[PDB]
Amino acid sequence: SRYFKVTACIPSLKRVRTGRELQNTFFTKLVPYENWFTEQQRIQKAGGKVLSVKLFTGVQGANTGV
Amino acid sequence: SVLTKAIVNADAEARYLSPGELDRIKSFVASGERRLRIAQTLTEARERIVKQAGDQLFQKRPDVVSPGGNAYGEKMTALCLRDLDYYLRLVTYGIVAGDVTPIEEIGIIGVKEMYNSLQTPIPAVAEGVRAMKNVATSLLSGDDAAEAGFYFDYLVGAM
Amino acid sequence: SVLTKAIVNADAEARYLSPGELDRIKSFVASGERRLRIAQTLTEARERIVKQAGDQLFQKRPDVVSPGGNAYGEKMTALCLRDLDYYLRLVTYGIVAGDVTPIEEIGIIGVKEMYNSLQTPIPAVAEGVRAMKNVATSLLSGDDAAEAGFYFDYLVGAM
Amino acid sequence: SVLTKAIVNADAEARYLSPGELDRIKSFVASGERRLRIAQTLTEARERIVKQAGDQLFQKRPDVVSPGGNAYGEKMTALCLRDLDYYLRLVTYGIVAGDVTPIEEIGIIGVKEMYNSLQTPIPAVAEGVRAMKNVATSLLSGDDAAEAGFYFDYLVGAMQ
Amino acid sequence: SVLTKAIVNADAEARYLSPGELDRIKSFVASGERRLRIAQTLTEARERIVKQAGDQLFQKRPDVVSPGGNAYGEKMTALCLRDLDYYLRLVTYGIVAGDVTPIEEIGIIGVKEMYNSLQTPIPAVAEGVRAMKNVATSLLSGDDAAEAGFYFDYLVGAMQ
Amino acid sequence: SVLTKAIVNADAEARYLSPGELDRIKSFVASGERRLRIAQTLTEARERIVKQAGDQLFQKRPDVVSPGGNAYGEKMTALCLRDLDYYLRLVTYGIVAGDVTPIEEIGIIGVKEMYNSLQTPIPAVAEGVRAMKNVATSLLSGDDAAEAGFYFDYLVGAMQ
Amino acid sequence: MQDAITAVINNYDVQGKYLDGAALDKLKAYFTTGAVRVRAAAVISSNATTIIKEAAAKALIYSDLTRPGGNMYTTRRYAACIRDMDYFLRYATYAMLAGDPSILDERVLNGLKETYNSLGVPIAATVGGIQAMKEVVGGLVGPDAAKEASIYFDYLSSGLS
Amino acid sequence: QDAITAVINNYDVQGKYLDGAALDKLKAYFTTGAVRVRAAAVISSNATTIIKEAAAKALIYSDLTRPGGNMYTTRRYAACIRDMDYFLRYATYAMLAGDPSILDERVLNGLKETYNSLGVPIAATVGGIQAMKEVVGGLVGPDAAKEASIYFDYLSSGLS
Amino acid sequence: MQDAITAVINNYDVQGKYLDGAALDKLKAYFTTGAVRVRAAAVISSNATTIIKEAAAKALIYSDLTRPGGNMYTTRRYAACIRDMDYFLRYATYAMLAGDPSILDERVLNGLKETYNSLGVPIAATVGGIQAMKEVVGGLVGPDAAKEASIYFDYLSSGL
Amino acid sequence: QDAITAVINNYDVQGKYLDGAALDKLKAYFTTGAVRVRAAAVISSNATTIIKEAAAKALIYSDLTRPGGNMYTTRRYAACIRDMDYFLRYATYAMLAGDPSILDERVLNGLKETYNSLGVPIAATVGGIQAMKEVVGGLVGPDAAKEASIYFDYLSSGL
Amino acid sequence: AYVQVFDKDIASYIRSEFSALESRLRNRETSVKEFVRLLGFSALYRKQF
Ligand SMILES: *[C@H](C)[C@H]1/C(=C/c2[nH]c(/C=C3N=C(/C=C4\NC(=O)C(CC)=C4C)C(C)=C\3CCC(=O)O)c(CCC(=O)O)c2C)NC(=O)[C@@H]1C
Ligand SMILES: *[C@H](C)[C@H]1/C(=C/c2[nH]c(/C=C3N=C(/C=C4\NC(=O)C(CC)=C4C)C(C)=C\3CCC(=O)O)c(CCC(=O)O)c2C)NC(=O)[C@@H]1C
Ligand SMILES: *[C@H](C)[C@H]1/C(=C/c2[nH]c(/C=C3N=C(/C=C4\NC(=O)C(CC)=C4C)C(C)=C\3CCC(=O)O)c(CCC(=O)O)c2C)NC(=O)[C@@H]1C
Ligand SMILES: *[C@H](C)[C@H]1/C(=C/c2[nH]c(/C=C3N=C(/C=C4\NC(=O)C(CC)=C4C)C(C)=C\3CCC(=O)O)c(CCC(=O)O)c2C)NC(=O)[C@@H]1C
Ligand SMILES: *[C@H](C)[C@H]1/C(=C/c2[nH]c(/C=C3N=C(/C=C4\NC(=O)C(CC)=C4C)C(C)=C\3CCC(=O)O)c(CCC(=O)O)c2C)NC(=O)[C@@H]1C
Ligand SMILES: *[C@H](C)[C@H]1/C(=C/c2[nH]c(/C=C3N=C(/C=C4\NC(=O)C(CC)=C4C)C(C)=C\3CCC(=O)O)c(CCC(=O)O)c2C)NC(=O)[C@@H]1C
Ligand SMILES: *[C@H](C)[C@H]1/C(=C/c2[nH]c(/C=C3N=C(/C=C4\NC(=O)C(CC)=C4C)C(C)=C\3CCC(=O)O)c(CCC(=O)O)c2C)NC(=O)[C@@H]1C
Ligand SMILES: *[C@H](C)[C@H]1/C(=C/c2[nH]c(/C=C3N=C(/C=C4\NC(=O)C(CC)=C4C)C(C)=C\3CCC(=O)O)c(CCC(=O)O)c2C)NC(=O)[C@@H]1C
């Protein structure tokens, strides 16, 4: 399956947290292609900004093997 | 394909291929040569299958080729036949693969959404595929026809 | 069994059985009668297979039947042979089922944990199964042997 | 209803109703009497609206009332008209409620699935609702018609 | 503002704005002109409101402007008045927005923590806001005052 | 070492070190000098401890040094003794650290997997460590032995 | 779930017995029936939408249920009922291939009565619908297949009632 | 966010109290509001058709739909029309809001990078957006069209 | 992933061409090889543990890597390395059945170089281990199977 | 990690058993330890004040706090003082440990990148850290101050 | 995570089915959420629930 590597930052506008939040704040992750759409929207709705998107696995414009 | 499906299940389980899985692969490779011939037959008869099925569909559904209907007009009728041709090509691919997965990616995912935007009636499309199956079955030998039927049935089920 | 596996995959996907899946079922039902005979052969030769395999294992691994070793002593040696018999019974079940699932539930899940508590060496158990395979292969016809081999190999892989 | 919607938003927030929200409730209760009259008008004209809309729909879509078509035959034609009547009743309910929610629960959820089993074409149903809107608009005064139109439009949007 | 809130709910649902939601937007835009006038009034009277409120606060709390107290000294007293001015500016922003959200983001989140580091007493700050409310209410007409009061009350609630 | 443990607990709680925790650190630093001596003793006796333990192990398990067995042959026997030496070095490190963590990272994580690939029997390895403990205990004074025993026991528990 | 082949195996495994001729004959019986079952399953899958439509027409629709105040009144409820019908059909097809009723018990049958009672869905009407589906299915599958298909449909009906 | 909030935010960074010039901009928005609400309702009702027409104008009967084209295969076709829907929905939101920011926060953010990895052609997408704009312009009517056009153009510029 | 059969299909699908004899011949070629591959896969699965053991013995163990200061020193690192070896073997087996190298690219090969460089794992040594596994595998599978098996092992090595 | 563990790790890579020279380094740490514990207790008790004083020295009465500044708005102000607390707590941990590694593993790693995305000014933050150091130096007293200073400087250099 | 997603009892039996998933998490290339997704999309989950 095609996979997306995504780097995104989400700021904690609702409440300040004492424990280290660095992993939550700035995260690079591998997303299944199907999941990414929903995830992208969720980051937008949070007000986080998606710094970088790349397709980790799979071939661009593939009819099959997707 | 059969093999792709088996590998994928194994990878999810993070295990080597199970004996049963291996056996199915063995059966498939033996079947393949026969499958290739079945596919070849349909390819040669493709033009006639589409034509005959189209006529049957239009007889079954006068409405589709009527001023209201989507199929109506030369441009539209051509597109309807082109669609039937597409599905036949997909079915041939399926027979050689031994699995519907190749068919499924190209044709069956998002099909509802595409046709709804077009406003083409999905049941009529299904009837066309059924019609194609009947034509294809006649040209194929009985055992060959049964194999081909499964793929045709899947398409009808999908839409 | 083959059929159980296919149904389970379909239910997860929440779909009717795919043509490919259906084809595998058809192949299995045809194979079954031959499979039954293969299983019957091994059952009849069971006593000798176990005996021969045991001897081979003990030759291969002197240590297991040594004062330090787990197998050492009459009681312990009997238990080791009983275990070999158990695995053979499981393999026969597998052949008729056409899948390792029946084998897997009874014998392969928690096997490591059970043997570790017992302190029995897992590799030695695997060798015994390999030994049984060789004996079984000789009695079976070549094609029959290949089918049986797959199940034997699975067991060896599992431990 | 408008009030139900406001309460639900408050409950999600776990707060008492805001003054602004309360004001909107006040406006709605004042509007209600006018809304009741609009609904009453359509109810009285219901029989004619359905009849006129049906005829328009059948003219617009000859196919539906054709031997192939679902609507064809007396029994089937009656059922098609009954459906139009149902949708009109729902619209009236909506106007008094001031919200589409009453309409939505009874008519728009699972509608696709129901009609697909029946094999009724969804676009034709939408046309029928559009037809009903036009008839209803004519009987209603302009401002009343606009209010009614919104509910009619929602139905058309839902069946798409 | 109200409009932002409506859009956000729609986006979460991934749906176009409901008629009811649209109606609320319409009401808000009509109200806005009245709201602008209320805000304008307070802006013009801002300098006096702050001054009067400050005096009241210092009378109410002699301690804050005492050698021990945080407010004591010219520099410190100016800062205390600057804070009062800030809160008033936020309130005006709120009135035009029709929501406390603008106020809330700038002034009410982490306020406790900020003041605790400063060592400023939170209750005294609340009293100052209350004082500002009373001055503002007097200049505003009664209905206008009620609208303004809500925003003032929220601030007082937030800083508690 | 112990101090790392204390810091880690504090960081999880997101708090400065508790007085009690600080006291334990103080006790540990005082104990360290005594611990160093205990470690020194074992280091000096290391060569003999390994040799004696090896012999005991081979007597206990003839199979390991048998043609089938992993240990069999000079090369293999040397490797088995080298392994025993490694574990002893780890134990000394543990005593000075006051924690098993140093031991654990180097020797106890993935140990099962490593030995399974090698095909070495894990229980025999455990017996070797037990044997080393007995030799080490004899050379150590009683209180020193108890301290050393804990680390030895942990190893035996880990490889089990 | 369980199937026929596995059921035989499991019975032998609890006994600890190696497979015996009597057991083998039961397995052999299944193998002959198998080919028919596969054909039946393919027929059902292709005609599933129609089967549901016909069965609904026979029992559910043109009835008080569909009329206002009936359980299947409103689009939402109508859609739910046909979804349930589809479930029953899919599971019955699975059971027919398997040759065992167990899957029906494990997935469909368990807790259904309680769910329906809380919902206020009428059990007898549902049973009626299942019986109707059986009749339609019987036609399509053909006689040999029909007997096999019928038992699973009857099993569902008995469970619900 | 919103036109009203945008003005507020600009003032807040300056620290300036709201002023008449600012108020005038807010007033301008309030008048435009009523038109916008009507336009939004039109778009929501005709959304499916708008997409259909725009696709017909640009996407279909093209190389893209033909084999080897980006929109070839049902899956890709469905994806493209889904994207078209989002652009329409967000543009409608922006028009109500009176602010381009939501487009930046929701649609525009991460789109270019996604498209480049996918190999989706930007110019064709832009073409589709422009086509939707033209269709929308007709339905909304002239006064509304000008307002609607700016948001469509904003989306197009972002993607390019 | 992709296989041989699907790869042919996909190439034809982008062209839009129906399957032709030349394509069929490639498929036929695969079908003949298939039976051999299945036998090879079963051999590898049964002997997997030993294959890894032998390969490690050939390259990894008795080396500086295993000695202190080496990458594979400590149990944790040793276990990691043999886990990686197992991965390579399992994936190569999958690739051999598939008749396509793509799965290796999609799972194993992507990002491995970068991961290893950050970790400081030595690529050349890893490659050496893969080559060793290939040699062991070649023996067990037998000559006809070995050629097929070798290409996938070489593919992994080249990627790393 | 810790000074004690650092010595151990250096020996482990060499493979050497612990030696007297190594022991001496450990002994050195043990003497310093008592001082460090006292310093840590001082810092914990005065932590709130330390932050207050440092903020007064650098952060407040500045453009940052004024509108349009990074620390403007209550939320941002609170965030900045939270960050200051983090630095203080971690520096205290490092001082007890006698090793800078913890700072690298928790505080220093990824902070620069986070700050750049946020638009927080690094130089101002560094200024704040230096201010805290000065305040801390006073409270801890001279002997403790030297030890405390190195960790503060390490944080500053990293940022 | 194993204990949340499977229950306590089933989580005990797990030896290393998910070892590959663990490594990606250890590497910090996947998030915890993603790891939980994949435990859910697993044969073990499906078999047990
Ligand atoms: C204060 C001296 C200066 C300042 C600080 C500042 N920081 C933020 C926001 C964040 N800071 C961090 C950093 C960390 N998270 C961690 O886990 C650690 C190490 C343990 C650090 C140091 C993070 C993650 C944030 C985001 C908020 C959150 O809680 O997740 C701000 C606010 C900016 C924003 O938009 O969030 C500020 C002001 N900036 C200055 O101007 C001071 C000089
Ligand atoms: C007056 C009612 C009380 C009072 C006030 C007081 N405040 C300070 C110092 C500051 N106050 C603030 C507050 C804000 N900055 C913001 O950005 C916002 C949100 C818009 C607020 C409310 C800040 C950050 C400071 C620091 C200085 C600066 O910003 O330039 C003082 C001085 C104390 C000091 O150590 O700075 C005082 C006296 N004190 C009272 O006791 C009154 C009840
Ligand atoms: C002796 C008690 C038993 C025994 C030992 C044995 N070990 C090996 C081979 C190796 N042992 C290790 C172990 C370690 N590496 C580490 O980093 C640590 C912790 C510090 C340990 C304990 C390693 C790496 C090897 C591999 C070879 C090498 O030195 O690089 C053997 C040889 C077997 C083989 O296949 O290599 C043996 C015999 N085996 C027994 O039977 C005793 C019970
Ligand atoms: C008319 C515009 C179209 C048309 C209509 C048509 N409908 C039916 C049958 C039914 N339609 C419904 C609809 C509803 N039931 C509800 O609960 C609601 C909401 C309150 C609706 C809208 C139902 C349930 C039926 C089934 C009949 C029954 O009560 O049992 C038919 C008859 C077809 C049949 O086989 O029953 C027809 C013709 N047909 C078209 O094609 C027109 C476009
Ligand atoms: C149709 C023959 C009858 C009917 C059905 C009906 N069912 C519901 C709601 C539910 N149905 C189920 C049932 C199942 N879930 C399962 O897991 C299984 C076993 C495989 C079944 C059969 C469930 C759980 C629901 C509730 C949740 C959902 O809707 O998905 C309704 C709706 C009831 C309501 O009040 O909303 C209806 C109408 N009712 C009839 O009239 C027929 C007799
Ligand atoms: C014939 C059975 C029915 C019918 C067909 C019909 N199709 C169109 C238009 C299109 N059909 C497709 C189909 C596909 N594209 C793909 O990539 C695939 C998967 C391989 C398929 C099946 C497409 C993309 C189009 C859009 C036009 C284009 O290709 O550029 C029409 C015309 C409708 C229109 O407005 O364009 C018609 C009529 N119509 C019926 O009613 C028949 C039952
Ligand atoms: C249609 C006008 C053109 C087109 C579109 C197209 N898009 C994809 C795939 C994706 N598009 C997106 C875009 C978005 N995700 C979001 O969150 C938003 C904001 C709401 C947008 C606009 C994403 C994330 C994907 C990936 C997965 C998904 O389906 O969402 C495709 C498929 C490409 C593929 O290789 O699969 C296509 C075709 N391409 C055209 O041909 C048109 C010009
Ligand atoms: C053995 C031949 C060599 C070796 C191995 C080694 N690998 C790691 C660490 C990692 N290995 C991977 C790789 C994979 N993860 C996967 O999911 C897959 C695909 C199935 C692979 C191949 C990853 C991601 C890591 C990092 C995370 C983890 O710990 O799992 C190490 C550990 C390095 C460390 O410093 O911890 C080692 C030792 N190194 C050697 O010495 C051999 C040459």
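Determination of this PDB entry was carried out by cryo-EM to a resolution of 2.85 Å, according to the record.

### A look at the side chain of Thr30 of chain K
Mapped onto the elements, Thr30 of chain K comes out in the loop between α3 (19-27) and α4 (32-40). If sequence neighbours within four positions are ignored, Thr30 of chain K has contacts with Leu30 of chain A together with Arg24 and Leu25 of chain K.

### Some remarks on the site of ligand 5
All names here are of chain G. Around ligand 5, a shell composed of 18 residues is seen, among which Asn71, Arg76, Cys81, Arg83 and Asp84 lie nearest. A distance of 2.4 Å separates an oxygen atom of ligand 5 from a polar atom in the side chain of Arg76. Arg83 has a polar side-chain atom sitting 2.9 Å from an oxygen atom of ligand 5. Among the secondary structure elements, those contributing two or more residues to the shell around ligand 5 are α4 (75-98), α6 (112-119) and α7 (123-141). In terms of residues, the shell around ligand 5 owes the most to one element, α4, which gives 7 residues. For the shell around ligand 5, the per-class residue count stands at 11 nonpolar, 3 polar and 4 charged.

### What to know about the site of ligand 7
Close to ligand 7 lie 25 residues; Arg2 of chain A together with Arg75, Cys80, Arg82 and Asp83 of chain H are nearest. In this structure, ligand 7 sits where chains A and H come together, each supplying nearby residues. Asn70 of chain H places a side-chain nitrogen or oxygen 3.0 Å from a nitrogen atom of ligand 7. A distance of 2.7 Å separates an oxygen atom of ligand 7 from a polar side-chain atom of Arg82 of chain H. Here ligand 7, which alone exposes 890 Å², has 97% of that area covered by the protein. Within the residue set of the shell around ligand 7, elements represented by two or more residues are α2 (33-46) of chain A together with α4 (74-97), α6 (111-118) and α7 (122-140) of chain H. If you tally residues by element for the shell around ligand 7, the top one is α4 of chain H, at 10 residues. Class assignment of the residues belonging to the shell around ligand 7 gives a composition of 15 nonpolar, 5 polar and 5 charged.

### Let's talk about the arrangement of the chains
Spatially, chain C is disjoint from chain H: no contact exists, and the shortest C-alpha separation is 18 Å. A minimum C-alpha distance of 13 Å separates chain J and chain K, which share no contact.

### Concerning the interface of chain C and chain G
Counting residues at the interface gives 31 residues for chain C and 36 residues for chain G. In this assembly, chain C and chain G are joined by 11 residue pairs in polar contact. Listed by contribution, the elements that provide at least two residues to the side of chain C that touches chain G are α1 (2-13), α2 (19-44), α4 (74-97) and α5 (101-108) of chain C. Per-element tally for the side of chain C that touches chain G: the top contributor is α2 of chain C, with 9 residues.

### Quick word on the packing of aromatic side chains
Evaluation of the coordinates by the stated rule reveals 28 aromatic pairs over all chains. For the pair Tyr86 of chain B and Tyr72 of chain H, a centre-to-centre distance of 6.2 Å together with 70° between the ring planes defines the contact as edge-to-face. Residue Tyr86 of chain B is located in helix α4 (residues 74-97), and its partner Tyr72 of chain H is located in the loop between α3 (47-59) and α4; the two belong to separate chains. Each member of the pair, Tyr86 of chain B as well as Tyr72 of chain H, carries the same accessibility label: buried. In this structure an aromatic cluster arises from ring pairing among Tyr2, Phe6, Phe18, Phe35, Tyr45 and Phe49 of chain K.

About the thresholds
Residues numbered from 1 in each chain as written, not as in the entry; some residues may be left out. Chains lettered and ligands numbered in written order. Part of a larger assembly, values for the part shown. Heavy atoms only, no water. Helix = DSSP H or I, 4+ residues; strand = E, 2+ residues; numbered from the N terminus. Contact = heavy atoms within 4.5 Å. Near = heavy atom within 4 Å. Polar contact = N/O pair within 3.5 Å; in protein donor to acceptor, adjacent residues only side chain to side chain. Nonpolar A, V, L, I, M, F, W, Y, C, P; charged D, E, K, R; others polar. Areas by Shrake-Rupley, 256 points an atom, 1.4 Å probe, with all protein chains shown as cover. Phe/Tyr/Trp six-rings, centres within 6.5 Å; stacked < 30°, edge-to-face > 60°. Buried < 20%, exposed > 50% of the residue type's maximum accessible area, 1.4 Å probe, protein only.

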